């Protein structure tokens, strides 16, 4: 689809078998989801945002279906203000900015 920006670009995603709402975030390098359980091994990591650094759990090679499009990649889980889809997965679904 083409998505305009007068509203937040929120979309439904499917991950670990569950549906969630997430924000398409071109300013995020990484995909970061609010606290949730995911299967398999994870690694402790830290990432920084506008307000400082947080601790996250890094899960690699995780399938997510974003607005009907498949991605498989790194998902960070931790105290983000909102679920965000970052560039690591936006690239997989062929997302570009256009003006």
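Numbering follows the first chain given and starts at 1. Under this definition, the rigid core comprises the largest set of C-alpha atoms superposing within 1.5 Å between the forms.
Superposition on the core shows that, in 8 other deposited structures of this protein, the C-alpha atoms drift more in one of 16 to 24 and 87 to 95; this is 16 to 24.
Relative to one another, 3 to 11 and 89 to 97 have unequal mean CA B-factors, and 3 to 11 is the one with the higher figure. Comparing the deposited coordinates for 51 to 59 and 34 to 42, the stretch with the larger average C-alpha B-factor is 34 to 42.
Looking at the C-alpha B-factors along this chain, the one for residue 27 belongs to the lowest third. In the PDB entry, residue 16 places in the highest third of its chain by CA B-factor.
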